[PDB]
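Heads up, the thing below is written out as structure tokens.
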Amino acid sequence: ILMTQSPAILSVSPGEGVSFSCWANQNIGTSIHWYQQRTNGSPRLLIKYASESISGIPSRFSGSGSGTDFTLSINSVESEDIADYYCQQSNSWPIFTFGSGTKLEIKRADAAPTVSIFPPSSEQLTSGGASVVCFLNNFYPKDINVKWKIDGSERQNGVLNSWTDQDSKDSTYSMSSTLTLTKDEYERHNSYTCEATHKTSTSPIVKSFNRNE
Amino acid sequence: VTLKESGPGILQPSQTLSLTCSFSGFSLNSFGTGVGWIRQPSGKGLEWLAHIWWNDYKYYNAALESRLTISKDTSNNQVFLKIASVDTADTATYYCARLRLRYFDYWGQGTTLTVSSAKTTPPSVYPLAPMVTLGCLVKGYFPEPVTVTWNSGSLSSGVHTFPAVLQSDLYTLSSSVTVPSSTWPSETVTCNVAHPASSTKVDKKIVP
Amino acid sequence: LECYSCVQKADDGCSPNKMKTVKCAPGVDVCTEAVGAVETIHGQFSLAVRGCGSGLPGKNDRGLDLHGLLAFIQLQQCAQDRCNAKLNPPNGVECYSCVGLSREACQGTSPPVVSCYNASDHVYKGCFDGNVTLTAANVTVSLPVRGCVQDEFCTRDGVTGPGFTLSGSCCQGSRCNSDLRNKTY
Ligand SMILES: *[C@@H]1O[C@H](CO)[C@@H](O[C@@H]2O[C@H](CO)[C@@H](O)[C@H](O)[C@H]2NC(C)=O)[C@H](O)[C@H]1NC(C)=O
Ligand SMILES: *[C@@H]1O[C@H](CO)[C@@H](O)[C@H](O)[C@H]1NC(C)=O
Ligand SMILES: *[C@@H]1O[C@H](CO)[C@@H](O)[C@H](O)[C@H]1NC(C)=O
């Protein structure tokens, strides 16, 4: 038995009526259960046997379906319903299988990132390393591409990236990009640039510095 | 009804993982009761591993049935899972949850396991100097986690503390803070980084 | 090749002091051991067969669920001598209960009556009558099974495992399951 959740990401505004799909390749009767995992939290059982409600669960969470297609619905989305939602089948008891998950995201107006680049610190250069950081803060949607260029030439190696979780207050995403060189390599090139292609602009937003000035 | 997982926190590859689930508020003698183990790699989905029943029957994820053995002591309210020959892919949060016949109604908070051969290492903390946005870089520490605060939490809006990434087995992250330009360098901005596993706390003032 | 040979019918047939050691016919290369435990919400019993087998070495375990009757089967086949001894509040409804009794006891209105309950917070409000069968070593063993189940309307339902079947019918009302061998569809 194969279980496909859809969508993977479900961007929604507070107060809307949202629906999560979980599809079985086969007929599994009513043997489906739904779990909520808030970020940094344990999975929490929401719905039992397709549609049975769990005690102590808000009344806004309801589920439905039988056979192959199953749905979890939130009548009125609240701020603490931002979470991952997993289905699990019990059709092949005692073998249990979970879905891939549906991550509930908050919609916001698209916003371009504020990009900020930083040289290596004086402390780090003493140690023999040279990491050039670029922050891209407060943007939407999460899809973003960072391209590193040194004196025009692209830089393939030495790059580490990290995305944040969606922000609690403004619903933006943020990203760090780290280019890590040796001290000797860093003191042999002049310009360090981080360009970011995003949906807010056709041409990428570029922040840069020169190690000369 | 509660479940509490405990485990070793960090292991090197090849070692045996031994997990304990200590539970209360119910019994593993009831017909249909079971306790299972589920793990989640960070940022990834949940995977069922194994479950043990009141009548001592045990079920395994067949992809791991060679590595897994689950057991229980009903007298002490404990279920154990040991996973032999740990690898990097066993880096996950491991949850125990109780099986009412077909679903997991009650789960623990989870125990986080890192499989790495790296040893406990304090971080190197570097200032990032250029409204204006400032930061600090925390490079080369093990294990997770670090906590990063600015002015001990007094600067809280405009702070982004990024997930750690692995570079050659050691973690690195950065934190950024965005302030009005009228407050720096006129007022001080300091990064405060605590690493609980190594007993370390470091302040780094960022100066232009 | 010498194997333990014994058959267990919810009794002691496979007990230390009833087990026989048998020698297998030419061309049989494995000893078998198959235990099928069936669990009702009021008890559990086991069928077991130990003897000379066929086929390859291996282990085969399976859990089965028929409207809340659980069955657990372990079937192991080795290739060494004598290797095959490695396994071992009320709700409204009342049902007849057969959990180890012979087809003699388990007939008609003879079996004990049990009070169903909502085991593991699932509703057990139907009654069941059927049998369990476990086949291995060119021998077959079966006993009747009766108890509470989560379905009041099954007719000749069944689950299957390796050499193992658990089948029967369900019904509604207390002690409906007096005798459902004839129940039509
Ligand atoms: C489970 O038990 C028996 C298996 O022996 C099933 O079949 C009938 O059982 C009676 C019992 O002595 C035999 O005399 C009959 O010959 C069997 N049927 C036939 C067609 O010959 C029985 O039906 C099963 N129980 C239920 C409720 O299905
Ligand atoms: C099952 O039985 C218990 C005890 O009677 C009761 O508290 C529970 O609500 C019952 N559930 C249903 C669905 O009948
Ligand atoms: C089952 O039904 C058949 C056909 O009506 C009859 O021959 C037989 O005796 C019945 N047995 C019982 C126990 O009712």
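The way I read the labels, and the way they are meant: chains A, B, ... in the order of the structure tokens, residue 1 as the first residue of every chain, and ligand 1 as the first ligand shown, with later ones counted on from there.
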
Could you pull the residues within 10 Å of residue 46 of chain B, counting only C-alpha atoms, minus those fewer than 4 positions along the same chain, as a list in words? residues 43, 86, 88, 97, 98, 99, 100 and 101 of chain A; 38, 39, 40, 41, 42, 92, 93, 94 and 95 of chain B

Find the residues of chain B that sit at most 10 Å from chain C; for each, write down the nearest two atoms and how far apart they are in Å, to one decimal. Count only C-alpha atoms. Sort by chain, then by number going up, and give it as CSV.
```
residue,atom,partner,partner_atom,distance
B:30,CA,C:120,CA,7.2
B:31,CA,C:41,CA,6.1
B:32,CA,C:120,CA,5.6
B:33,CA,C:120,CA,6.4
B:34,CA,C:120,CA,9.7
B:55,CA,C:39,CA,9.0
B:57,CA,C:72,CA,7.5
B:58,CA,C:63,CA,9.3
B:59,CA,C:63,CA,8.3
B:99,CA,C:120,CA,9.0
B:100,CA,C:120,CA,5.6
B:101,CA,C:120,CA,6.6
B:102,CA,C:120,CA,9.6
```

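You can rank A:125, A:181, A:10, A:24 by their closest distance to residue 69 of chain A using only C-alpha atoms, and at the top of that list sits A:24.
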
- Give me, as a ChimeraX atom specification, the contact residues of chain A against chain C at a cut-off of 10 Å, counting only C-alpha atoms. /A:91-95

Let me see the file: selected residues, N, CA, C and O atoms, as a PDB file, in the first residue's frame.
```pdb
ATOM      1  N   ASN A  91      -4.394  -0.580   7.277  1.00  0.00           N
ATOM      2  CA  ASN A  91      -5.044  -1.544   6.417  1.00  0.00           C
ATOM      3  C   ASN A  91      -4.256  -2.829   6.372  1.00  0.00           C
ATOM      4  O   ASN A  91      -4.807  -3.883   6.052  1.00  0.00           O
ATOM      5  N   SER A  92      -3.017  -2.798   6.815  1.00  0.00           N
ATOM      6  CA  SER A  92      -2.166  -3.948   6.641  1.00  0.00           C
ATOM      7  C   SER A  92      -1.523  -4.241   7.964  1.00  0.00           C
ATOM      8  O   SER A  92      -0.347  -4.646   8.067  1.00  0.00           O
ATOM      9  N   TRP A  93      -2.377  -4.076   8.994  1.00  0.00           N
ATOM     10  CA  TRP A  93      -2.180  -4.394  10.381  1.00  0.00           C
ATOM     11  C   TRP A  93      -1.502  -5.749  10.467  1.00  0.00           C
ATOM     12  O   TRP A  93      -2.034  -6.708   9.890  1.00  0.00           O
ATOM     13  N   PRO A  94      -0.340  -5.894  11.120  1.00  0.00           N
ATOM     14  CA  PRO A  94       0.262  -4.983  12.102  1.00  0.00           C
ATOM     15  C   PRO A  94       1.350  -4.018  11.525  1.00  0.00           C
ATOM     16  O   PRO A  94       2.022  -3.314  12.279  1.00  0.00           O
ATOM     17  N   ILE A  95       1.460  -4.016  10.196  1.00  0.00           N
ATOM     18  CA  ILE A  95       2.340  -3.175   9.384  1.00  0.00           C
ATOM     19  C   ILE A  95       1.684  -1.810   9.238  1.00  0.00           C
ATOM     20  O   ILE A  95       0.631  -1.692   8.608  1.00  0.00           O
TER      21      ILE A  95
END
```

Counting only C-alpha atoms, which residues from chain A have an atom at most 8 Å from any atom of chain B, and could you show them as an mmCIF file with N, CA, C and O atoms, in the first residue's frame?
```
data_model
loop_
_atom_site.group_PDB
_atom_site.id
_atom_site.type_symbol
_atom_site.label_atom_id
_atom_site.label_comp_id
_atom_site.auth_asym_id
_atom_site.auth_seq_id
_atom_site.Cartn_x
_atom_site.Cartn_y
_atom_site.Cartn_z
ATOM 1 N N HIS A 33 -5.615 7.324 9.526
ATOM 2 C CA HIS A 33 -5.642 8.148 10.730
ATOM 3 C C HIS A 33 -4.836 9.408 10.450
ATOM 4 O O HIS A 33 -3.882 9.368 9.671
ATOM 5 N N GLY A 41 7.480 19.816 17.899
ATOM 6 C CA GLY A 41 6.506 19.184 18.754
ATOM 7 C C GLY A 41 6.324 17.750 18.298
ATOM 8 O O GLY A 41 6.734 17.361 17.205
ATOM 9 N N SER A 42 5.743 16.969 19.159
ATOM 10 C CA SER A 42 5.424 15.585 18.868
ATOM 11 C C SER A 42 4.204 15.484 17.962
ATOM 12 O O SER A 42 3.391 16.416 17.893
ATOM 13 N N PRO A 43 4.131 14.437 17.144
ATOM 14 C CA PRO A 43 2.863 14.135 16.465
ATOM 15 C C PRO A 43 1.714 13.978 17.457
ATOM 16 O O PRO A 43 1.842 13.338 18.503
ATOM 17 N N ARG A 44 0.552 14.484 17.058
ATOM 18 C CA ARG A 44 -0.680 14.485 17.849
ATOM 19 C C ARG A 44 -1.802 13.859 17.014
ATOM 20 O O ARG A 44 -2.100 14.351 15.917
ATOM 21 N N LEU A 45 -2.419 12.789 17.508
ATOM 22 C CA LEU A 45 -3.548 12.184 16.803
ATOM 23 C C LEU A 45 -4.736 13.123 16.706
ATOM 24 O O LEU A 45 -5.168 13.667 17.722
ATOM 25 N N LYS A 48 -9.424 9.657 13.627
ATOM 26 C CA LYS A 48 -9.343 8.227 13.800
ATOM 27 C C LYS A 48 -10.282 7.629 12.757
ATOM 28 O O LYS A 48 -11.358 8.186 12.479
ATOM 29 N N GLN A 88 -1.840 7.910 8.322
ATOM 30 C CA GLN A 88 -1.215 6.605 8.486
ATOM 31 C C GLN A 88 -2.320 5.610 8.213
ATOM 32 O O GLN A 88 -3.475 5.827 8.586
ATOM 33 N N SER A 90 -3.828 1.633 8.454
ATOM 34 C CA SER A 90 -3.839 0.502 9.364
ATOM 35 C C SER A 90 -4.405 -0.687 8.604
ATOM 36 O O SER A 90 -4.908 -1.645 9.198
ATOM 37 N N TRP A 93 -2.377 -4.076 8.994
ATOM 38 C CA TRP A 93 -2.180 -4.394 10.381
ATOM 39 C C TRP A 93 -1.502 -5.749 10.467
ATOM 40 O O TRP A 93 -2.034 -6.708 9.890
ATOM 41 N N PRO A 94 -0.340 -5.894 11.120
ATOM 42 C CA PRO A 94 0.262 -4.983 12.102
ATOM 43 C C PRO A 94 1.350 -4.018 11.525
ATOM 44 O O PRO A 94 2.022 -3.314 12.279
ATOM 45 N N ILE A 95 1.460 -4.016 10.196
ATOM 46 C CA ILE A 95 2.340 -3.175 9.384
ATOM 47 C C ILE A 95 1.684 -1.810 9.238
ATOM 48 O O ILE A 95 0.631 -1.692 8.608
ATOM 49 N N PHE A 96 2.320 -0.768 9.760
ATOM 50 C CA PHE A 96 1.772 0.578 9.634
ATOM 51 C C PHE A 96 2.667 1.436 8.751
ATOM 52 O O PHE A 96 3.876 1.220 8.680
ATOM 53 N N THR A 97 2.035 2.272 7.931
ATOM 54 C CA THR A 97 2.724 3.147 6.996
ATOM 55 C C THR A 97 2.172 4.564 7.075
ATOM 56 O O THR A 97 0.966 4.746 7.241
ATOM 57 N N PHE A 98 3.057 5.572 6.971
ATOM 58 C CA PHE A 98 2.667 6.977 7.068
ATOM 59 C C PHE A 98 2.782 7.643 5.711
ATOM 60 O O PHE A 98 3.511 7.188 4.830
ATOM 61 N N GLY A 99 2.019 8.708 5.529
ATOM 62 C CA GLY A 99 2.222 9.549 4.376
ATOM 63 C C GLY A 99 3.479 10.399 4.454
ATOM 64 O O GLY A 99 4.197 10.461 5.457
ATOM 65 N N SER A 100 3.744 11.056 3.329
ATOM 66 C CA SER A 100 4.849 11.991 3.190
ATOM 67 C C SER A 100 4.603 13.277 3.965
ATOM 68 O O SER A 100 5.559 13.998 4.262
ATOM 69 N N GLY A 101 3.350 13.609 4.243
ATOM 70 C CA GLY A 101 3.129 14.804 5.025
ATOM 71 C C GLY A 101 2.631 15.973 4.178
ATOM 72 O O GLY A 101 2.842 16.036 2.961
ATOM 73 N N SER A 116 21.987 41.124 2.502
ATOM 74 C CA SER A 116 23.121 41.770 3.166
ATOM 75 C C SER A 116 24.333 40.836 3.200
ATOM 76 O O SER A 116 24.238 39.714 3.711
ATOM 77 N N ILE A 117 25.484 41.297 2.615
ATOM 78 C CA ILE A 117 26.753 40.559 2.571
ATOM 79 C C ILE A 117 27.737 41.068 3.635
ATOM 80 O O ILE A 117 27.795 42.267 3.943
ATOM 81 N N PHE A 118 28.565 40.151 4.159
ATOM 82 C CA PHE A 118 29.549 40.417 5.217
ATOM 83 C C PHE A 118 30.920 39.825 4.904
ATOM 84 O O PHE A 118 31.024 38.634 4.566
ATOM 85 N N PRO A 119 31.983 40.611 5.036
ATOM 86 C CA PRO A 119 33.352 40.070 4.978
ATOM 87 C C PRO A 119 33.637 39.093 6.113
ATOM 88 O O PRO A 119 32.924 39.074 7.131
ATOM 89 N N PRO A 120 34.642 38.223 5.939
ATOM 90 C CA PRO A 120 35.323 37.575 7.081
ATOM 91 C C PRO A 120 35.768 38.494 8.214
ATOM 92 O O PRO A 120 36.228 39.616 7.998
ATOM 93 N N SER A 121 35.570 38.013 9.445
ATOM 94 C CA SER A 121 36.037 38.716 10.627
ATOM 95 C C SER A 121 37.558 38.686 10.757
ATOM 96 O O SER A 121 38.253 37.889 10.122
ATOM 97 N N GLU A 123 39.168 38.020 13.596
ATOM 98 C CA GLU A 123 39.395 36.769 14.323
ATOM 99 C C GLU A 123 39.496 35.548 13.411
ATOM 100 O O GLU A 123 40.390 34.710 13.575
ATOM 101 N N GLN A 124 38.576 35.410 12.461
ATOM 102 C CA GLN A 124 38.611 34.242 11.589
ATOM 103 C C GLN A 124 39.844 34.217 10.702
ATOM 104 O O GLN A 124 40.449 33.157 10.509
ATOM 105 N N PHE A 135 23.065 37.122 3.983
ATOM 106 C CA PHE A 135 21.710 36.953 4.494
ATOM 107 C C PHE A 135 20.683 37.468 3.506
ATOM 108 O O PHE A 135 20.849 38.542 2.921
ATOM 109 N N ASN A 137 16.754 38.182 3.972
ATOM 110 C CA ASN A 137 15.792 38.172 5.052
ATOM 111 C C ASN A 137 14.431 38.667 4.582
ATOM 112 O O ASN A 137 14.332 39.549 3.724
ATOM 113 N N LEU A 160 27.584 26.890 1.607
ATOM 114 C CA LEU A 160 26.609 26.257 2.502
ATOM 115 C C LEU A 160 25.425 27.190 2.739
ATOM 116 O O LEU A 160 25.605 28.365 3.077
ATOM 117 N N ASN A 161 24.220 26.645 2.593
ATOM 118 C CA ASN A 161 22.971 27.391 2.642
ATOM 119 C C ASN A 161 22.078 26.845 3.759
ATOM 120 O O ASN A 161 22.157 25.664 4.110
ATOM 121 N N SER A 162 21.258 27.720 4.359
ATOM 122 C CA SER A 162 20.276 27.297 5.360
ATOM 123 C C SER A 162 19.022 28.158 5.266
ATOM 124 O O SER A 162 19.124 29.384 5.329
ATOM 125 N N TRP A 163 17.843 27.530 5.099
ATOM 126 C CA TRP A 163 16.568 28.252 5.140
ATOM 127 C C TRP A 163 15.934 28.218 6.527
ATOM 128 O O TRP A 163 15.940 27.175 7.187
ATOM 129 N N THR A 164 15.342 29.336 6.953
ATOM 130 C CA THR A 164 14.490 29.317 8.142
ATOM 131 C C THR A 164 13.124 28.693 7.883
ATOM 132 O O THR A 164 12.656 28.564 6.743
ATOM 133 N N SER A 174 13.554 33.349 5.491
ATOM 134 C CA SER A 174 14.870 33.946 5.420
ATOM 135 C C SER A 174 15.879 32.854 5.113
ATOM 136 O O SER A 174 15.631 31.664 5.326
ATOM 137 N N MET A 175 17.003 33.279 4.547
ATOM 138 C CA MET A 175 18.045 32.367 4.119
ATOM 139 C C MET A 175 19.415 32.965 4.410
ATOM 140 O O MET A 175 19.635 34.170 4.244
ATOM 141 N N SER A 176 20.324 32.109 4.862
ATOM 142 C CA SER A 176 21.741 32.398 4.921
ATOM 143 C C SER A 176 22.461 31.648 3.812
ATOM 144 O O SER A 176 22.074 30.542 3.424
#
```

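Excluding residue 115 of chain B itself and any same-chain residue fewer than 3 positions from it, the protein and nucleic acid residues within 6 Å of it, counting only C-alpha atoms, are residues 10, 11, 12, 88 and 91 of chain B.
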
Hey, can you spit out that residue selection with C-alpha atoms as an mmCIF file, in the first residue's frame?
```cif
data_model
loop_
_atom_site.group_PDB
_atom_site.id
_atom_site.type_symbol
_atom_site.label_atom_id
_atom_site.label_comp_id
_atom_site.auth_asym_id
_atom_site.auth_seq_id
_atom_site.Cartn_x
_atom_site.Cartn_y
_atom_site.Cartn_z
ATOM 1 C CA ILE B 10 25.195 10.867 20.238
ATOM 2 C CA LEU B 11 26.842 7.711 18.873
ATOM 3 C CA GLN B 12 29.666 6.964 16.442
ATOM 4 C CA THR B 88 24.548 8.442 9.529
ATOM 5 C CA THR B 91 20.324 10.473 12.711
#
```

Excluding residue 14 of chain C and its own-chain neighbours fewer than 4 positions away, which residues fall within 9 Å of it when counting only C-alpha atoms? Please give them as a PDB file with N, CA, C and O atoms, in the first residue's frame.
```
ATOM      1  N   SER C   5       8.630 -33.825  16.447  1.00  0.00           N
ATOM      2  CA  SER C   5       7.315 -33.989  15.869  1.00  0.00           C
ATOM      3  C   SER C   5       6.284 -34.012  16.984  1.00  0.00           C
ATOM      4  O   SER C   5       6.369 -34.825  17.905  1.00  0.00           O
ATOM      5  N   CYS C   6       5.336 -33.092  16.900  1.00  0.00           N
ATOM      6  CA  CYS C   6       4.313 -32.856  17.902  1.00  0.00           C
ATOM      7  C   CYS C   6       3.224 -31.993  17.279  1.00  0.00           C
ATOM      8  O   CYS C   6       3.484 -31.198  16.365  1.00  0.00           O
ATOM      9  N   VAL C   7       2.022 -32.113  17.829  1.00  0.00           N
ATOM     10  CA  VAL C   7       0.887 -31.314  17.399  1.00  0.00           C
ATOM     11  C   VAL C   7       0.162 -30.800  18.638  1.00  0.00           C
ATOM     12  O   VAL C   7      -0.077 -31.553  19.587  1.00  0.00           O
ATOM     13  N   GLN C   8      -0.169 -29.512  18.628  1.00  0.00           N
ATOM     14  CA  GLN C   8      -0.791 -28.826  19.753  1.00  0.00           C
ATOM     15  C   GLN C   8      -2.128 -28.223  19.344  1.00  0.00           C
ATOM     16  O   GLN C   8      -2.184 -27.363  18.450  1.00  0.00           O
ATOM     17  N   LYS C   9      -3.175 -28.629  20.051  1.00  0.00           N
ATOM     18  CA  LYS C   9      -4.551 -28.282  19.761  1.00  0.00           C
ATOM     19  C   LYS C   9      -5.084 -27.536  20.989  1.00  0.00           C
ATOM     20  O   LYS C   9      -5.936 -28.058  21.728  1.00  0.00           O
ATOM     21  N   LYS C  18       5.502 -34.797  25.810  1.00  0.00           N
ATOM     22  CA  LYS C  18       4.740 -35.394  24.713  1.00  0.00           C
ATOM     23  C   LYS C  18       5.476 -35.292  23.379  1.00  0.00           C
ATOM     24  O   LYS C  18       4.953 -35.776  22.363  1.00  0.00           O
ATOM     25  N   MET C  19       6.553 -34.489  23.296  1.00  0.00           N
ATOM     26  CA  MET C  19       7.253 -34.361  22.017  1.00  0.00           C
ATOM     27  C   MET C  19       7.962 -35.648  21.604  1.00  0.00           C
ATOM     28  O   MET C  19       8.631 -36.291  22.410  1.00  0.00           O
ATOM     29  N   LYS C  20       7.743 -36.058  20.357  1.00  0.00           N
ATOM     30  CA  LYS C  20       8.426 -37.159  19.691  1.00  0.00           C
ATOM     31  C   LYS C  20       9.567 -36.601  18.846  1.00  0.00           C
ATOM     32  O   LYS C  20       9.570 -35.419  18.503  1.00  0.00           O
ATOM     33  N   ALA C  48      -0.340 -25.612  17.163  1.00  0.00           N
ATOM     34  CA  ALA C  48       1.071 -25.731  16.822  1.00  0.00           C
ATOM     35  C   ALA C  48       1.266 -27.076  16.159  1.00  0.00           C
ATOM     36  O   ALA C  48       0.636 -28.060  16.547  1.00  0.00           O
ATOM     37  N   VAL C  49       2.164 -27.107  15.180  1.00  0.00           N
ATOM     38  CA  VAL C  49       2.614 -28.320  14.510  1.00  0.00           C
ATOM     39  C   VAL C  49       4.129 -28.281  14.388  1.00  0.00           C
ATOM     40  O   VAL C  49       4.695 -27.242  14.046  1.00  0.00           O
ATOM     41  N   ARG C  50       4.789 -29.350  14.798  1.00  0.00           N
ATOM     42  CA  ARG C  50       6.225 -29.495  14.632  1.00  0.00           C
ATOM     43  C   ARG C  50       6.416 -30.789  13.859  1.00  0.00           C
ATOM     44  O   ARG C  50       5.869 -31.819  14.252  1.00  0.00           O
TER      45      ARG C  50
END
```

Practice task
Tell me which protein, DNA and RNA residues are within 12 Å of residue 154 of chain B, counting only C-alpha atoms, leaving out same-chain ones fewer than 4 positions away, and put them as a PyMOL selection string.
Solution key: chain B and resi 149-150+158-159+177+179+188-192

Output file for the selection above: N, CA and C atoms, as a short mmCIF file (atom, residue, chain, number, x, y, z; two decimals), in the first residue's frame:
```cif
data_model
loop_
_atom_site.label_atom_id
_atom_site.label_comp_id
_atom_site.auth_asym_id
_atom_site.auth_seq_id
_atom_site.Cartn_x
_atom_site.Cartn_y
_atom_site.Cartn_z
N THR B 149 21.52 34.49 21.31
CA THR B 149 20.66 35.61 21.66
C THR B 149 21.45 36.89 21.45
N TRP B 150 20.72 38.00 21.36
CA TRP B 150 21.32 39.30 21.14
C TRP B 150 20.86 40.19 22.27
N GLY B 158 13.52 41.05 14.27
CA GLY B 158 14.55 41.14 13.26
C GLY B 158 15.73 40.22 13.49
N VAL B 159 15.53 39.16 14.27
CA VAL B 159 16.57 38.17 14.58
C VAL B 159 16.18 36.96 13.75
N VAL B 177 20.67 40.15 12.83
CA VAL B 177 19.81 41.08 13.54
C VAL B 177 19.71 42.35 12.72
N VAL B 179 18.47 46.30 12.87
CA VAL B 179 18.13 47.37 13.80
C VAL B 179 18.05 48.69 13.03
N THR B 188 25.61 49.55 21.95
CA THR B 188 26.32 48.30 21.73
C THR B 188 25.38 47.18 21.27
N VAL B 189 25.89 46.33 20.38
CA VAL B 189 25.25 45.09 19.94
C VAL B 189 26.25 43.97 20.20
N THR B 190 25.80 42.96 20.92
CA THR B 190 26.60 41.83 21.34
C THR B 190 25.87 40.56 20.99
N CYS B 191 26.61 39.60 20.45
CA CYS B 191 26.05 38.28 20.30
C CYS B 191 26.41 37.45 21.51
N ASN B 192 25.42 36.68 21.98
CA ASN B 192 25.59 35.79 23.11
C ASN B 192 25.31 34.38 22.61
#
```

For ligand 1, collect every residue having any atom at a distance of at most 7 Å from a ligand atom (counting only C-alpha atoms and all ligand atoms); output as a PDB file with N, CA, C and O atoms, in the first residue's frame.
```pdb
ATOM      1  N   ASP C 129     -18.522 -16.741  15.447  1.00  0.00           N
ATOM      2  CA  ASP C 129     -18.408 -18.199  15.396  1.00  0.00           C
ATOM      3  C   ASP C 129     -17.684 -18.646  14.139  1.00  0.00           C
ATOM      4  O   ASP C 129     -18.150 -18.375  13.017  1.00  0.00           O
ATOM      5  N   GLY C 130     -16.569 -19.320  14.316  1.00  0.00           N
ATOM      6  CA  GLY C 130     -15.862 -19.828  13.181  1.00  0.00           C
ATOM      7  C   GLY C 130     -14.850 -20.798  13.681  1.00  0.00           C
ATOM      8  O   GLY C 130     -14.948 -21.275  14.812  1.00  0.00           O
ATOM      9  N   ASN C 131     -13.832 -21.029  12.863  1.00  0.00           N
ATOM     10  CA  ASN C 131     -12.784 -21.940  13.286  1.00  0.00           C
ATOM     11  C   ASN C 131     -11.445 -21.345  12.827  1.00  0.00           C
ATOM     12  O   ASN C 131     -11.385 -20.473  11.958  1.00  0.00           O
ATOM     13  N   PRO C 144     -12.536 -24.690  16.988  1.00  0.00           N
ATOM     14  CA  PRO C 144     -13.510 -23.613  16.819  1.00  0.00           C
ATOM     15  C   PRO C 144     -13.043 -22.374  17.555  1.00  0.00           C
ATOM     16  O   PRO C 144     -12.211 -22.446  18.450  1.00  0.00           O
ATOM     17  N   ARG C 156     -19.027 -15.850   6.569  1.00  0.00           N
ATOM     18  CA  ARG C 156     -17.878 -16.548   6.000  1.00  0.00           C
ATOM     19  C   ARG C 156     -16.855 -15.520   5.549  1.00  0.00           C
ATOM     20  O   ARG C 156     -16.407 -15.468   4.404  1.00  0.00           O
ATOM     21  N   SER C 167     -11.492 -18.170  10.064  1.00  0.00           N
ATOM     22  CA  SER C 167     -12.690 -17.869   9.289  1.00  0.00           C
ATOM     23  C   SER C 167     -13.926 -18.177  10.112  1.00  0.00           C
ATOM     24  O   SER C 167     -13.894 -18.990  11.042  1.00  0.00           O
ATOM     25  N   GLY C 168     -15.002 -17.471   9.789  1.00  0.00           N
ATOM     26  CA  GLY C 168     -16.298 -17.766  10.378  1.00  0.00           C
ATOM     27  C   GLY C 168     -17.269 -16.646  10.078  1.00  0.00           C
ATOM     28  O   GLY C 168     -17.019 -15.795   9.212  1.00  0.00           O
ATOM     29  N   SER C 169     -18.339 -16.603  10.854  1.00  0.00           N
ATOM     30  CA  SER C 169     -19.328 -15.569  10.613  1.00  0.00           C
ATOM     31  C   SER C 169     -19.602 -14.819  11.895  1.00  0.00           C
ATOM     32  O   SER C 169     -19.285 -15.281  12.979  1.00  0.00           O
ATOM     33  N   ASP C 179     -24.731 -20.958  16.858  1.00  0.00           N
ATOM     34  CA  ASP C 179     -24.370 -21.908  15.823  1.00  0.00           C
ATOM     35  C   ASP C 179     -24.613 -21.248  14.483  1.00  0.00           C
ATOM     36  O   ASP C 179     -25.760 -21.117  14.060  1.00  0.00           O
ATOM     37  N   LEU C 180     -23.542 -20.827  13.798  1.00  0.00           N
ATOM     38  CA  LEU C 180     -23.692 -20.125  12.533  1.00  0.00           C
ATOM     39  C   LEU C 180     -23.034 -20.889  11.396  1.00  0.00           C
ATOM     40  O   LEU C 180     -22.745 -20.297  10.360  1.00  0.00           O
ATOM     41  N   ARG C 181     -22.911 -22.218  11.503  1.00  0.00           N
ATOM     42  CA  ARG C 181     -22.331 -22.919  10.367  1.00  0.00           C
ATOM     43  C   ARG C 181     -23.226 -22.915   9.167  1.00  0.00           C
ATOM     44  O   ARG C 181     -22.770 -23.161   8.045  1.00  0.00           O
ATOM     45  N   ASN C 182     -24.478 -22.709   9.370  1.00  0.00           N
ATOM     46  CA  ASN C 182     -25.342 -22.768   8.235  1.00  0.00           C
ATOM     47  C   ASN C 182     -25.672 -21.405   7.655  1.00  0.00           C
ATOM     48  O   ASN C 182     -26.518 -21.328   6.756  1.00  0.00           O
TER      49      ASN C 182
END
```

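Selecting all polymer residues at most 10 Å from ligand 2, using only C-alpha atoms and all ligand atoms, gives residues 89, 90, 91, 92, 116, 117, 118, 119, 120, 121, 122, 123, 124 and 125 of chain C.
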
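Computed from the coordinates, the atom CA of residue 63 of chain A to atom CA of residue 39 of chain A distance equals 21.8 Å.
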
Closest of C:143, C:26, C:108, C:66 to ligand 3, counting only C-alpha atoms and all ligand atoms, is C:108

Shortest contact to residue 67 of chain A, candidates A:36, A:53, A:200, A:27, atoms counted only C-alpha atoms, goes to A:27
